[PDB]
């Protein structure tokens, strides 16, 4: 939890009480565990919705959906049960409450089970299942000169009638919301990303939406891959972005521009960025994933535990900030090494909050945190992004001005800022490590075996912000060679392995004053010519499994070559710059590199030309 931030235990395990209604009687009952936080703003009233697991944290036990609401930004709260289970048995439960806010209404979708003690994904059929929608209506009043609010919960309605018996190649079994908070699309539709099972017990995500305020529901035709559960979605630039949990694998993120009719993996932005554990081989988690506008910039906030412990412990809830280009680790929201899996982040009236689980010995509370430090950090980073984008965009490029330098898809930029061991990302997300580097205006001058900079890709580890590079990228830099090498020496490239010996696409230079563009494993053909001391503009582009290298805005011989065998998807380890940064690699690159730009797409010809013409103008040095 960042400095300045603070929290309270709001839904306190084995302590907080809820109004338990049964057989027409209501008793204030202590709840063992609270899980599945959903925190929203309904017309000025903060509402925290969750599972009240009365007797045990075990999923298949007695659970009602609890709501707490506050009209003073979380200082004080009222408590209610928003949805009660069927009371059919000792383990009846309404589960995975998923919340949409629209106007003054809360739409809450829950699965409902009567007696099963088994996990829902293990059920061979739906005999124990129903899917219910309850609507809470929030009204504010000022009887008494002080703001008050109340929420009237309607009886739940089954939406089972809207669940088709079959979907393409399958027979449906059950579905649930993805938990947390869902959305109202810009066209007014209520949109729930849902997790669905078929009779083979596979799980997959779908979009389940309503065009008539929840009276009828439809499923989008398309779906995620199997294995994607607890989906969470937001709308971004006219598309749904569906961010899914994949146990034991990296999280898959999809985009859909037609209400779920078609799903495309967001390989160029957010898919596979977030791993569920350091080695991405443990269970995943529910995640808060929202689009908000902070100081005029639309961005997305995403949370997920880092889970260093493994299994479902899911310690170290981390918050991420992204404008769909750069992905910034705001930091750890939870405290120390506590288990802290599920969460919900709310941005309301320029304050940031998070309601999240803490788990000791399988007894769970929800803490309500005021993310003061986090918002401060976020605003600082966004200012940096807006400022560098503005700086680059405002440059009058050489003819009257030429086309603007493009910042669309610009993800990282290594320029003037650098410390003894790092070359700093102007966008503040991923620095490059360096060796044998001397600072020069807008870059670094390298020399000696082991010299160079390493801009990590898979080397980022659990969370891989540059994963998009495995699908498409453009890497741009200005370079100057100061010494003729003994053989061929590296200047710039994307490496598939840690050494730099296995390259996806790179540029080297040789003793015959020729460039050696390297296209994957293709035998290298030296080409062109360069002179010592002259600065050259280098662009490496990769898209559709094809690599190109440009020098001074012109593509080198060999460009347009396949760099990825059509079968697999690359796993780039890092970009190397100005050397391999590997003492074990035999080369000595004596070169200066300035202004390294990384884009998450293949730049077009005009864009490349503009960057070439504007090389002397883009540095961060004076700014």
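Numbering follows the first chain given and starts at 1. Here the rigid core means the biggest group of C-alpha atoms that line up within 1.5 Å when the two forms are laid on top of each other.
J.: Following superposition on the rigid core, is the mean squared CA displacement, expressed as RMS, greater for 349-357 or for 509-517 in 5 other deposited structures of this protein?
T.: Looking at 509-517 and 349-357 in 5 other deposited structures of this protein, the bigger mover is 509-517.
J.: Fitting on the rigid core only, I'd like to know which of the two stretches, 140-148 or 97-105, ends up farther away in Cα terms in 5 other deposited structures of this protein.
T.: Relative to the shown form, the greater RMS C-alpha distance in 5 other deposited structures of this protein belongs to 140-148.
J.: Answer with none, 1 to 3, 4 to 9, or 10 or more: how many deposited residues between residue 399 and residue 400 are not present in the coordinates.
T.: The entry leaves 4 to 9 residues without coordinates here.
J.: Tell me which of 165-173 and 128-136 has the higher mean C-alpha B-factor in the deposited entry.
T.: The deposited B-factors put 165-173 ahead on the C-alpha mean.
J.: Decide which of the stretches 142-150 and 70-78 has the higher mean C-alpha B-factor, going by the entry.
T.: Averaged over C-alpha atoms, the B-factors run higher in 142-150.
J.: Would you mind checking which of 93, 326, 250, 482 has the top Cα temperature factor in the PDB entry?
T.: The listed residue with the largest C-alpha B-factor is 482.
J.: So among 415, 390, 499, 244, who wins on Cα B-factor in the entry?
T.: Most elevated C-alpha B-factor of the set, per the entry: 390.
J.: Could you look up the Cα B-factor of residue 20 in the entry and say which third of the chain it sits in: lowest, middle or highest?
T.: Highest third of the chain for residue 20's C-alpha B-factor.
J.: Could you look up the Cα B-factor of residue 537 in the entry and say which third of the chain it sits in: lowest, middle or highest?
T.: Ranked within chain, residue 537 CA B lands in the middle tercile.
J.: Consider only the C-alpha atoms of the modelled residues in this chain, order them by B-factor as the entry records it, and name the third containing residue 226: lowest, middle or highest.
T.: As the PDB entry reports it, the C-alpha B-factor of residue 226 lands in the middle third of its chain.
J.: Per the entry's values, where does residue 466 land by CA temperature factor relative to the rest of its chain, in the lowest, middle or highest third?
T.: For residue 466, the deposited C-alpha B-factor lands in the lowest third.
J.: Check where residue 600 lands among this chain's C-alpha B-factors and tell me if it's the lowest, middle or highest third.
T.: It falls in the bottom third of the chain.
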